[PDB]
Structures are given as C-alpha cells and as structure tokens.
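Undergrad: Handing you a structure now.
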Amino acid sequence: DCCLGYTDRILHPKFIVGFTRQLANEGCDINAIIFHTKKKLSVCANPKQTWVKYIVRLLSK
C-alpha cells in the first residue's frame, strides 16, 4: 500500500473528494499525496507540485 512513484496523469479537481498523506518516515520510502474519488479510486501525487498543493488547498476550504 505504498505509493512507489507519482501519477503524471491529469488531476481533475471535480472528481476528487479528499486525500490521504503518505510520509516517508511512517513505513513507505517517499512522501505522497493520495487523492481519492467518490468511487474511492485513489491516485498517488507528488506533494511538491504546485497543482497538488492547490487541490489540497481547495478541499480544505
């Protein structure tokens, strides 16, 4: 259950209903933002990307 890398497919804000964080010091070797959909389809994203931070920002508003 660790993200081993990041999606390079588009992250569509309208389909994303929340996220979970993966930290490189809790079991897994890299940090990741895991977005998920209504369907609970999950996708690994790069925490350092501006677009990822933005969506996280949008969910928290």
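Every chain in the structure tokens takes a letter, A first, then B, and so on in the order presented; its residues are numbered from 1, and the ligands are numbered from 1 following the presented order.
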Which residues are close to region 28-40 of chain A, i.e. within 6 Å by only C-alpha atoms, leaving aside same-chain residues fewer than 5 positions away? Reply as JSON, numbers by chain.
TA: {"A": [2, 15, 16, 17, 18, 19, 20, 21, 22, 23, 45, 46, 47]}
Undergrad: Those residues you just picked out, can you put them in a file as a PDB file, in the first residue's frame with N, CA, C and O atoms?
TA:
```
ATOM      1  N   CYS A   2       2.124   1.199  -0.412  1.00  0.00           N
ATOM      2  CA  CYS A   2       2.821   2.480  -0.568  1.00  0.00           C
ATOM      3  C   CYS A   2       2.797   3.039  -1.983  1.00  0.00           C
ATOM      4  O   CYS A   2       3.083   2.339  -2.952  1.00  0.00           O
ATOM      5  N   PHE A  15     -13.364  15.644  -9.648  1.00  0.00           N
ATOM      6  CA  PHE A  15     -13.601  14.245  -9.297  1.00  0.00           C
ATOM      7  C   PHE A  15     -13.011  13.862  -7.938  1.00  0.00           C
ATOM      8  O   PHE A  15     -13.241  12.756  -7.451  1.00  0.00           O
ATOM      9  N   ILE A  16     -12.243  14.775  -7.359  1.00  0.00           N
ATOM     10  CA  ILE A  16     -11.506  14.483  -6.124  1.00  0.00           C
ATOM     11  C   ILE A  16     -12.281  14.965  -4.900  1.00  0.00           C
ATOM     12  O   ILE A  16     -12.655  16.130  -4.771  1.00  0.00           O
ATOM     13  N   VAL A  17     -12.539  14.015  -4.009  1.00  0.00           N
ATOM     14  CA  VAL A  17     -13.339  14.391  -2.834  1.00  0.00           C
ATOM     15  C   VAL A  17     -12.537  14.391  -1.548  1.00  0.00           C
ATOM     16  O   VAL A  17     -13.033  14.831  -0.499  1.00  0.00           O
ATOM     17  N   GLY A  18     -11.282  13.934  -1.560  1.00  0.00           N
ATOM     18  CA  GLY A  18     -10.471  14.069  -0.346  1.00  0.00           C
ATOM     19  C   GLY A  18      -9.062  13.563  -0.615  1.00  0.00           C
ATOM     20  O   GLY A  18      -8.709  13.275  -1.761  1.00  0.00           O
ATOM     21  N   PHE A  19      -8.277  13.449   0.455  1.00  0.00           N
ATOM     22  CA  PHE A  19      -6.912  12.954   0.189  1.00  0.00           C
ATOM     23  C   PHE A  19      -6.390  12.310   1.464  1.00  0.00           C
ATOM     24  O   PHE A  19      -6.902  12.628   2.539  1.00  0.00           O
ATOM     25  N   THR A  20      -5.402  11.441   1.341  1.00  0.00           N
ATOM     26  CA  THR A  20      -4.653  10.968   2.499  1.00  0.00           C
ATOM     27  C   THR A  20      -3.164  11.210   2.230  1.00  0.00           C
ATOM     28  O   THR A  20      -2.737  11.216   1.071  1.00  0.00           O
ATOM     29  N   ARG A  21      -2.410  11.427   3.295  1.00  0.00           N
ATOM     30  CA  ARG A  21      -0.990  11.731   3.215  1.00  0.00           C
ATOM     31  C   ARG A  21      -0.173  10.468   3.466  1.00  0.00           C
ATOM     32  O   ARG A  21      -0.484   9.664   4.339  1.00  0.00           O
ATOM     33  N   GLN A  22       0.890  10.307   2.698  1.00  0.00           N
ATOM     34  CA  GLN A  22       1.873   9.253   2.914  1.00  0.00           C
ATOM     35  C   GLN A  22       3.199   9.951   3.237  1.00  0.00           C
ATOM     36  O   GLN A  22       3.664  10.749   2.419  1.00  0.00           O
ATOM     37  N   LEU A  23       3.781   9.683   4.397  1.00  0.00           N
ATOM     38  CA  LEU A  23       5.015  10.299   4.842  1.00  0.00           C
ATOM     39  C   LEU A  23       6.160   9.288   4.787  1.00  0.00           C
ATOM     40  O   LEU A  23       5.953   8.146   5.201  1.00  0.00           O
ATOM     41  N   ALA A  45       0.090  11.257  -5.944  1.00  0.00           N
ATOM     42  CA  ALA A  45       0.539  12.540  -6.454  1.00  0.00           C
ATOM     43  C   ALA A  45       1.739  13.094  -5.699  1.00  0.00           C
ATOM     44  O   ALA A  45       1.936  12.847  -4.505  1.00  0.00           O
ATOM     45  N   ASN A  46       2.534  13.878  -6.392  1.00  0.00           N
ATOM     46  CA  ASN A  46       3.754  14.493  -5.866  1.00  0.00           C
ATOM     47  C   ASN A  46       3.485  15.668  -4.942  1.00  0.00           C
ATOM     48  O   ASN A  46       2.954  16.705  -5.379  1.00  0.00           O
ATOM     49  N   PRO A  47       3.770  15.603  -3.637  1.00  0.00           N
ATOM     50  CA  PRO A  47       3.436  16.716  -2.725  1.00  0.00           C
ATOM     51  C   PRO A  47       4.076  18.060  -3.045  1.00  0.00           C
ATOM     52  O   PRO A  47       3.611  19.112  -2.608  1.00  0.00           O
TER      53      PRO A  47
END
```
Undergrad: Looking only at the backbone, which of the residues in chain A does DSSP tag as strand (DSSP E), as a ChimeraX atom specification?
TA: /A:16-22,32-37,42-45
Undergrad: Can you list, as a VMD selection string, every residue of region 1-50 of chain A that DSSP puts in helix (DSSP H, G or I)?
TA: chain A and resid 13 to 15 50
